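Here the structure comes first, spelled out in structure tokens, and everything after it is commentary.
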Amino acid sequence: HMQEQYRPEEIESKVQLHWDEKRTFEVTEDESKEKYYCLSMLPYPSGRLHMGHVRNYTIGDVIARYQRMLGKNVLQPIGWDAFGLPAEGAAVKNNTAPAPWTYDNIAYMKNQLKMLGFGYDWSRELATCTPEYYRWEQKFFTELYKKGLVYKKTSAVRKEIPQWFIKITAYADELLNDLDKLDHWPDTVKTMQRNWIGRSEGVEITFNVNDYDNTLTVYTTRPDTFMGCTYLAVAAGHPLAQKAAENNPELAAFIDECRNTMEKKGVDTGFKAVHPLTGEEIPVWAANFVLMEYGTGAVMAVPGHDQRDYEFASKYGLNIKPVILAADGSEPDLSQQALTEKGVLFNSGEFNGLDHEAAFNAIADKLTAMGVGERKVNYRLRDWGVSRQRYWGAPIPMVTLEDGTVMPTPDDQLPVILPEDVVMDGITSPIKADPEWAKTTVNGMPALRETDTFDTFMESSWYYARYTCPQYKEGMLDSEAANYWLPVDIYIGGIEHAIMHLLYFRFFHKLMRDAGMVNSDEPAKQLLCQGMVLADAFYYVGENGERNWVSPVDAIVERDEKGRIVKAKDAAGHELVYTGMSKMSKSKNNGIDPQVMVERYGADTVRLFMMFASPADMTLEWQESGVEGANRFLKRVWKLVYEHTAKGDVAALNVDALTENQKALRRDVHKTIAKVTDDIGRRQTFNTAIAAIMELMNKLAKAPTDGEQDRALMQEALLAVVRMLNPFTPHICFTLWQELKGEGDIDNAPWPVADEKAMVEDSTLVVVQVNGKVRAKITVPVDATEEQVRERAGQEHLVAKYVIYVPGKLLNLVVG
RNA sequence: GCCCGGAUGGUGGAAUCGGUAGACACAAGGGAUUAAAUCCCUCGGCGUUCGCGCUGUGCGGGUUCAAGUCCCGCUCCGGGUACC
Ligand SMILES: *P([O])(=O)O[C][C]1O[C](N2[C]=NC3=C([N])N=[C]N=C32)[C]2O[B@]3(O[C]12)O[C]([C][N])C1=C(Br)[C]=[C]C(O[C][C][C]N([C])[C]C2=[C][C]=[C][C]=[C]2)=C13
């Protein structure tokens, strides 16, 4: 009783309900099956899904459904990165609280994800704003504090705000070195992490300052140039600069100008530091290019060999000394710029003649012996600031006794619950505004608990591991369950997370490994960064000179003979400027609502277009015509199955009794199976895999369907096609598999395997070239020798008119 | 300015660690059909006797029998970034 028309509104919600009733995608830690952990970055509950979520999650679902078909035990989890700033403002504007707003958004977006047919294990679903989740990061933060990895300090955000830090710098070498294990991670992401880590090898040099109580220590990556140091430079916010700023209004003004935010700017402090090797006095200047946060907040200036110092000394008349020769051993030309390149020393006394590595070592060694030097490794990577002065976050489990002592919240008081029934005044966090909230009792003593909450990247740093044991009440992780599934096989997300989430979850993994929780070094094997979804963008210039962005749907376009947009207007008469394909946005007004598209064409059409239009890691250009083309293709697949099943049951296929035509058509079915298998599994080229299925569908629509063996071959092809399309379009394929009388549910059906005997080509095509230009195309047996292929090539008349040989492919003959 | 990318028909894209350039789809133009929609052929440019011939992967070069693919440049494009 198959329907003639393909109507997704009659197929999809029934097929989705079936997946919920049968718990089809719910998995456990089954040791008899090879596991596969396919993860996609968890969504933030903003209210509605965007095309970027649809692309990310379709990619993940294609892999999870295919890996299942190969007989693997697949974990495809989903959850909600539910804490965050956008709930705080939306609660105020909508006269509600961040919690019911978030839970309403989770419920609406969850329905949207189900309407897309993503095969998630919904029993492992998590909301990171529930105490059942954040209680484990609170307990883990108390353990890190006891391990010496957590400290508090006032840092600059400009306001100096006291913050909680986790020492990520204690793991920097490992984060850096373990990038060489990440062969299935993109080079871009790895480069961004190497650069963001910024490992640096140098020397700390300490100086004595005349009429100043403390010493002054600088950090240098070029100690070889120490004899060409003519002055020192400190940050504006540096202690020495602030001491001198009292008897200096010129310096006091500069420090304030710096605080109230590539040109150089500086004021001489008036302090004189003594060069440890010459005993000479050099001035100490306050500089704008020196960061207080990096190293010691002070540098040694060698204007002759550092370009920042060159421009600083040239502007302020400071001394520029040459101490490094140019590559050819000649003295450098410092009249226009600094000599940056590393080389042999001169004007360096006992250090003359030493090459770069020898000069670096000898000067570092000499100073180290004198007590005024020591090698130091610094990192651009700053410690992880994890606290926020915001309400909608997980409470920090730290307390301050009346004693003045600071300690973690005791285990028997965990979790520190964030109250959800609150009224937001927009100005202050309800847990800060109510003075009684922070008043607690710890170790029998009155205490004030932390009112700052964790930043949301704390919950996203370990969610991937919590999906392995989401209802485990005895700890953060069940090591047995975690190690069964971890590391993640493929993590699908965006490159925009390279140096934030993609680095924090690597660090968090190692902390868990070092706590005994996991037995692996890295959280994810392969990282697949999907590209942005693009849409056309138009704007008109208003009478006031303002740009008003118009949605492409609202643009009436005029095209040339070659279909390119030549002129465009809107229904109001405004002349539109087409800007091309760009990132979807609210500023550009060109966003496409995936819910509008799923209701218009069905989830399978939307799913298939996004996998077909472009390679997963490249940008996708949203085109209405391309989505309609995908819709038409699914209707052609439906039509071929409708007509085939309308002819009743089929006979058993006999490969031994096949016609020359019937065998060649079967060979194309099996060669397609092999290509689609390699494109989805090994290459991850879903577009070429869908193209191969479309090419085969074109052939099947031309094949005869009258005759026992024609109908039996068509049965083998339609059962294979429906299974190959299933990861992309699971709802239509679930239904078509039932119409074709396939065994069980297509979700539990095996992935089609190519019959090696069906793909034995008895002959091959040899392109015959003479001087590289193709002149002939011949057909020779696959078992033929080179002599047989050359004799047959010579027999061709056009070849005869006019020696490299590739078996079964090419034969080129250079003209002599 | 720096870093890392990228450049193939009218468009998205294919050609998988050199060997038939443009698969597959969209757009367009013919065909069936009483406008839309769907189905069926044609389709890089130029020339053509309509058979095809010549050329063609941003621009120059190099290795090679052979380069879209590998290497060095120049131009244009894109994302990221801020004296560490
Ligand atoms: P990092 O490690 O990288 O760096 C270091 C350096 O820098 C400086 N500093 C220090 N500290 C500081 C702060 N705080 N801020 C700012 N800055 C700073 C110093 O300087 B040096 O080293 C160090 O020393 C010397 C004298 N000035 C020198 C020279 Br003679 C030369 C050079 C230098 O430095 C530079 C480096 C930077 N960068 C890395 C560069 C580059 C970039 C890109 C490309 C290439 C290169 C110095």
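In what follows, chains carry the letters A, B, and so on, assigned in the order in which the sequence lines appear, proteins first and then strands, with residues in each chain numbered from 1. All heavy atoms count here, side chains included; hydrogens, waters and symmetry mates do not.
For A:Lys639 against B:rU38, a side-chain-to-base donor-acceptor contact under 3.5 Å is absent. Under 3.5 Å, the side chain of A:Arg382 and the base of B:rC84 form at least one donor-acceptor pair of N or O atoms.
Between the side chains of A:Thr688 and A:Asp679, at least one donor-acceptor pair of N or O atoms lies under 3.5 Å. Side-chain polar atoms of A:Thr296 and A:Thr217 form no donor-acceptor pair below 3.5 angstrom. For the residue pair A:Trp751 and A:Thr677, a side-chain donor N or O sits within less than 3.5 Å of a side-chain acceptor on the partner.
Residue A:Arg632 contributes atom CZ, which lies 11 Å from atom P of B:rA25 at whole-angstrom precision. To the nearest angstrom, P of B:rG10 lies 17 Å from CD of A:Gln623. The separation between A:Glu624 atom CD and B:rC26 atom P is 13 Å, rounded to whole Å. Rounded to whole Å, atom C1' of B:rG79 lies 15 Å from atom NE2 of A:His497.
A ring-ring contact (aromatic ring centres under 6.0 Å, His included) with A:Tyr504 holds for exactly one of A:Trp384, A:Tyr171, A:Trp196; it is A:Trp384.
A Watson-Crick or G-U wobble pair joins B:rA25 and B:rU11, with the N1-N3 or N1-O2 distance and the second distance both under 3.5 Å. Nucleotides B:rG73 and B:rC59 qualify as a pair under the Watson-Crick or G-U wobble definition, both contacts being shorter than 3.5 Å. Nucleotides B:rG9 and B:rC70 are not base-paired: the Watson-Crick or wobble atom pairs do not both lie closer than 3.5 Å. Base pair annotation for B:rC46 with B:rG53: paired, by the Watson-Crick or G-U wobble rule (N1-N3 plus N6-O4 or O6-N4, or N1-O2 plus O6-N3, under 3.5 Å). The base of B:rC76 engages B:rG6 as a Watson-Crick or G-U wobble partner, both distances under 3.5 Å. Geometry at B:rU81 and B:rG47 does not meet the Watson-Crick or G-U wobble definition with both required distances under 3.5 Å.
Classified by its glycosidic torsion, B:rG9 falls in the syn category, the angle being within 90° of 0. By the rule that a glycosidic angle within 90° of 0 means syn, B:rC70 does not qualify and counts as anti.
A:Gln684 comes within 4.0 angstrom of no nucleic acid atom, judged by non-hydrogen atoms across all strands. Residue A:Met262 is classed as a base contact, given a heavy-atom separation below 4.0 Å to a base. Residue A:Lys264 is classed as a base contact, given a heavy-atom separation below 4.0 Å to a base. Within the nucleic acid shown, A:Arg636 comes within 4.0 Å of sugar-phosphate atoms alone, with no base atom in reach, counting heavy atoms only. As judged by a 4.0 angstrom heavy-atom cut-off over every strand, A:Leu765 is placed among the base-contacting residues. Across all strands shown, A:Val806 has heavy atoms under 4.0 Å from base atoms, whether or not it also approaches the sugar-phosphate.
Of the candidate nucleotides B:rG10, B:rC54, B:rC24, B:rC54 has the atom lying nearest to any side-chain atom of A:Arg775. Listed candidates were B:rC84, B:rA14, B:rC24. Nearest to the side chain of A:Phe612 is B:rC24. In the set B:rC24, B:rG13, B:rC65, the nucleotide with an atom closest to the side chain of A:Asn812 is B:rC65.
Residue A:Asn698 has a polar side-chain atom (N or O) positioned under 4.0 Å from OP1 or OP2 of B:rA25. Residue A:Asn195 places none of its side-chain N or O atoms closer than 4.0 Å to OP1 or OP2 of B:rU81. A close approach under 4.0 Å does not occur between any side-chain nitrogen or oxygen of A:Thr688 and OP1 or OP2 of B:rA14.
The partner of B:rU63 cannot be assigned: no Watson-Crick or G-U wobble pair with both contacts below 3.5 Å exists in any strand.
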